[PDB]
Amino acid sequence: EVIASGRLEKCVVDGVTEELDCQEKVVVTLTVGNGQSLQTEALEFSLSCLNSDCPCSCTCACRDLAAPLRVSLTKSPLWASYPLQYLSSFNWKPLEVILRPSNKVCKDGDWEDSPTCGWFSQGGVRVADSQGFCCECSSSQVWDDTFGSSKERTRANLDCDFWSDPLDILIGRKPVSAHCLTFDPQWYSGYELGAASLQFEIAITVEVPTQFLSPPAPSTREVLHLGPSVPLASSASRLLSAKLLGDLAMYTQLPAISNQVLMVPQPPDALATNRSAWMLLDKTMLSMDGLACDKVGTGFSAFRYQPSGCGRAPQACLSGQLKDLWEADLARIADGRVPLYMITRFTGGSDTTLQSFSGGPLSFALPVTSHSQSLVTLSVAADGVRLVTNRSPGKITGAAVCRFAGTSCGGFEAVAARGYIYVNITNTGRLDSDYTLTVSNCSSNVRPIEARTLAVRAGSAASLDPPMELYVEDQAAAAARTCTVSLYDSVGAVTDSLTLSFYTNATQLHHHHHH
């Protein structure tokens, strides 16, 4: 979209000579969209006196008369990359091993030279509280289990019936239990994310030459590169000078994951490669010092000194681990709901959308789908400008609402879940044209969706990736909620439009029954 165009006299005072020099250039300001990956528009600058701003006619090394300077602009796919900062490692699933010693002895002493669990060591020094804790059957439980049946739980399901082992309970040796903490061989590295940084590269293609026909005689293509890192560039010789000013505000802000911790499997039916097994967790799920129970990174001190530990069930204090959060999210997928810890809760179902990134192995970035119009200013030493835009018709070749990861299509669960709109369009023209995809005039209590733009090659089909997220703002269950999907060509004309119908199932809640 061209915003401003006109002539301007840019005078430059050379700082060494303090000397003035003025030229009248054409200053065009136009935006570049996120989904604008093809050369659909072109800027043509009328060039008088070609070659070396009229000519000396005619070895001779002179100049030619007239030709148009063609300029187009594309933008690489937009990503939101976060910088990583390592913090600490975490175990996939810490496991408690219960030992029932053969000689009915158990030692968890703090200065115990050799406990029945054994000491860990971070080097030559042994780690505190790594020796677990012991459990003995109380006199009250030996009394109950002998005559009747003890109603008090033991962590090792101890049998304290006197008849179960009379020859040793008589001599005071009661049944004992050892509870040691072990680590899964699978470790994870936890990196704290940073501030989001928009990353892209605008490609400015400039070609200078020697009813409906506009034939091109020999041109020489030159490509400029603009971006946040290099927000300006100039063409060969000194004709075109560009400058990236910045983007406009995004209508739907980025997800607030700046203060979360990215879990990456520490390397030593197969697991999927790259970031498929990655996770991104809030700090309320973690214990950095390891002194808290039922958190990622629970340590020895938390497991050894848990209150009434011998009276609790096995594996207590060891919940909420990376393996638990993973298995929990997989359950949410089977129920049409969105994961809460897997990084695919932003992609919408597939990990393939996150491998198109061009960063290093230890990097994280989400594909931006909101509108981010970057403003570029072109200043050419050529008076006369014209915009040439391709208009190709299109057709919506398919639209449907599907749950997370496409486990089932047609609808989702009202407020606990959300839907994902996959839209298939096809360029029916013979040229590469830009398109705008909008969802509007929905039924009641349906959340508005921001439009998306697709640059489709001629005769090719395209699809929204990642798809649009669809919510509903009530908890009822409707059989056919409606929305209108419209396909706009360039310069804002509707080439095709259909009505998208979907169901929402009612929401479900917890309940406790009192007695």
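From 1 onward, residues are counted along the sequence shown.
Trainee: With respect to the deposited sequence, how many residues separating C58 from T59 are not represented by coordinates: none, 1 to 3, 4 to 9, or 10 or more?
Mentor: In the deposited sequence, 4 to 9 residues between these two have no coordinates.
Trainee: Report, from the record, the number of residues in the deposited sequence between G172 and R173 that have no coordinates, as none, 1 to 3, 4 to 9, or 10 or more.
Mentor: In the deposited sequence, nothing is left without coordinates between these two.
Trainee: Mean C-alpha B factor from the entry: is it higher for 102 to 110 or for 84 to 92?
Mentor: Result of the comparison: 102 to 110.
Trainee: Looking only at CA atoms, which has the higher mean B factor in the entry: 328 to 336 or 140 to 148?
Mentor: Going by the record's values, the stretch with the higher mean is 140 to 148.
Trainee: Go through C62, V446, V26, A451 one by one and give the residue whose Cα B-factor in the PDB entry is largest.
Mentor: It is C62.
Trainee: Per the coordinate record, which of the options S241, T273, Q186, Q199 holds the highest CA temperature factor?
Mentor: If I rank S241, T273, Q186, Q199 by C-alpha B-factor, first place goes to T273.
Trainee: Would the CA B-factor of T31 place it in the lowest, middle or highest third of its chain?
Mentor: Answer is lowest: the recorded C-alpha B-factor places it there.
Trainee: Would you please rank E469 by its C-alpha temperature factor against the other modelled residues of its chain and give the third it falls in: lowest, middle or highest?
Mentor: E469: CA B-factor falls in the lowest third of its chain.
Trainee: Quick check for you: using the entry's CA B-factors within this chain, is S490 in the lowest, middle or highest third?
Mentor: Middle third by C-alpha B-factor.
Trainee: Among the chain's modelled residues, which third holds the C-alpha B-factor of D168?
Mentor: As the PDB entry reports it, the C-alpha B-factor of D168 lands in the highest third of its chain.
Trainee: State the tercile, meaning the lowest, middle or highest third, of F364 with respect to the CA B-factors recorded for its chain.
Mentor: According to the entry, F364 has a C-alpha B-factor in the chain's lowest third.
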